[PDB]
Ligand SMILES: [Fe+3]
Ligand SMILES: [Fe+3]
Ligand SMILES: [Zn+2]
C-alpha cells in the first residue's frame, strides 16, 4: 500500500537525511585518517561511507515523490583527530542500531509496511558491525597497537602487497618505499 501521510514515510526520509550526512562525515574522517597516517583506517571510513550511500539508496527508492518536511537532530560538526572521529562515528552508529532503526521498524510494522520494516532491521545489523570496526580501531590507536603488537605476526603493505613478519610494521616498506602508515595486519577472509 501507499506511504503517503504515514509516519513511516517521514521516517524513511529522516533516515535518508541522516545516512546522507554520515556518508559525507565518513569521507571527511577518511581524509583526516590519511593525514594522521592511518591508511587502513582511512579506507575503512571511505568504504563505510560508500555503504552509507547504499543504505540511503535502498531507503530513497521507497519514496513516492514530492517534498516532505522533517524535524530531526544531527551532528553539527566536527572534524577532529582520527581517534576522536572514530569515537564519534561509533556513537552515531550506536544511536542508529539501538534507537533509530529499531523504532522506525516497529512503527513500520505497526502501520502495515512489513517489507520496509525488514529493511530498517537489516540496515541496523550493518550499522552494528560498522560501530564495531570503529570502536576496535579507536581502541588500537588508544593502546598504541595500530602498528605494533605483542607477538610476531604478519603485516601487509596496502600500497604494494609486501608482507612483513615481525612484532611491528616497518618504518618504510622495503618494496615500494611508502611509510609505515600503509601497513595493516595480514588478513585472510576466504
Ligand atoms: Fe553505518
Ligand atoms: Fe609497499
Ligand atoms: Zn547506514
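Quick reminder, even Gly has a Cβ in these numbers, built from the backbone with ideal geometry, and neighbours come from all protein chains shown. The values are calculated or read from the model by the stated rules, or taken from the named source; none is laboratory data.
Anything in region 142-163 that is crowded, with 20+ Cβ neighbours inside 10 Å and touching a residue at least 60 places away in the same chain (Cβ under 8 Å)? List them, or say none.
Selection gives 146 alone.
Could you tell me whether residue 123 is in contact with a helix residue (DSSP H, G or I) (Cβ under 7 Å, 6 or more places away or on another chain) and closer than 30 Å to residue 16 by Cβ?
yes
Identify, please: which residue in region 17-54 is farther than 21 Å from residue 87 by Cβ and in contact with a helix residue (DSSP H, G or I) (Cβ under 6 Å, 6 or more places away or on another chain) and is, among those, nearest to ligand 2 (Cβ to nearest atom)?
53
Of all residues in region 35-67, which are surrounded by 14 or more Cβ atoms within 10 Å (Cβ to Cβ), in contact (Cβ under 8 Å) with a residue 60 or more places away in the chain and away from ligand 1 (no atom under 12 Å from the Cβ)?
37, 38, 39, 40, 41, 43, 58, 59
Just a yes or no: is a residue in region 26-39 more than 30 Å from residue 155 (Cα to Cα) and out of contact with any strand residue (DSSP E or B) (no Cβ under 7 Å at 6 or more places or on another chain)?
No.
Residues 138, 90, 169, 175: which one is within 16 Å of ligand 3 (Cβ to nearest atom), surrounded by 13 or more Cβ atoms within 10 Å (Cβ to Cβ) and either free of Cβ contacts under 8 Å to residues at least 40 places away in the same chain or assigned by CATH to the domain that holds residue 21 (or both)?
Unique residue meeting the criteria: 90.
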